[PDB]
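Take a look at the structure below.
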Amino acid sequence: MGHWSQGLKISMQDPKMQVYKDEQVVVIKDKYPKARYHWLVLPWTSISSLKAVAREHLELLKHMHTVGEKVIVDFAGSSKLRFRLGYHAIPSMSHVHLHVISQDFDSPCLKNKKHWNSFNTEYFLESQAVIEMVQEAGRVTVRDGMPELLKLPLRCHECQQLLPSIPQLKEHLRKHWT
DNA sequence: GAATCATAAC
Ligand SMILES: [Zn+2]
């Protein structure tokens with residue numbers, strides 16, 4: 001350990017970082033949030049990747065989903081913000097993590113095309129879809145072509161308009177806040 | 001000049 005890819009693991013242990021906790025999972029704030037509200041849900045049981053998912057994890061997934069929603073209500077109930085819950089198709093960090101993220105995407109840590117695409121393309125597998133996928137197939141189906149999705153031209157998730165750069169995309173999103 | 005991209009990080 002000490003390796004950056006182990007980061008999350010260390011952070012889940014730290015009580016200070018623990019936003020929520022129960023016998024199955026733990027919820028922490030994303031250290032480099034891509035929105036005003038960005039949490040990660042992590043299971044205590046070590047699971048490497050989604051490629052290692054079978055029906056025995058089904059309930060756990062559902063739990064993770066549930067907890068996610070609860071976090072919203074508990075820490076963003078006063079918020080009018082839309083939320084999405086899902087996983088990245090190809091994760092960089094070890095240990096599976098559910099993204100719970102507000103759809104404002106108002107954050108200085110959202111810096112490049114890869115970030116934006118990671119949250120606003122098929123690369124972002126919604127939790128619900130994943131859950132049904134396991135229920136129906138007992139396995140997670142990942143369509144090929146994921147890395148390329150990260151290179152697609154910037155497009156607003158709100159008005160579906162094309163944008164030429166991150167600064168411009170941000171300036172554009174600013175006005176959707178109202 | 002500004003933003004993006006490519007690559008290393010000892
Ligand atoms: Zn828009």
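Order of the sequence lines fixes the chain letters, A, B, ..., with proteins taken first and strands second; residue numbering starts at 1 for each chain.
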Item to complete: In plain terms, say whether A:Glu126 and A:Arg84 are close enough for a salt bridge, that is, a side-chain N and a carboxylate O under 4.0 Å apart.
Response: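 Between A:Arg84 and A:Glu126 there is a salt bridge, with a charged N closer than 4.0 Å to a carboxylate O.
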Discussion item. I need the CD-P distance between A:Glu171 and B:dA2, as an integer number of Å.
Written reply: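 To the nearest whole Å, that distance equals 16 Å.
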Worksheet item: CH2 of A:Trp116 versus P of B:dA3: gap in Å, rounded?
Response: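 Whole-Å distance recorded here is 18 Å.
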Worksheet item: What about A:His99 and A:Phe119, are their ring centers closer than 6.0 Å?
Response: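 Yes; A:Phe119 has its ring centre under 6.0 Å from that of A:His99.
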Worksheet item: Any luck finding a side-chain donor-acceptor pair between A:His172 and A:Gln168 under 3.5 Å?
Response: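 No.
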Discussion item. Could you tell me if A:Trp177 and A:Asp106 have a donor-acceptor pair between their side chains, going purely by distance under 3.5 Å?
Written reply: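 Yes.
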Worksheet item: Taking protein heavy atoms under 4.0 Å as touching, what does nucleotides 4-10 of chain B look like 5' to 3' if B marks base contact, S marks sugar-phosphate-only contact and - marks none?
Response: SS-----
Worksheet entry | Partners meeting ring pair (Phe, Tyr, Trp, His ring centres under 6.0 Å) with A:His157 (sequence neighbours left out) |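 Expected list: A:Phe105, A:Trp116.
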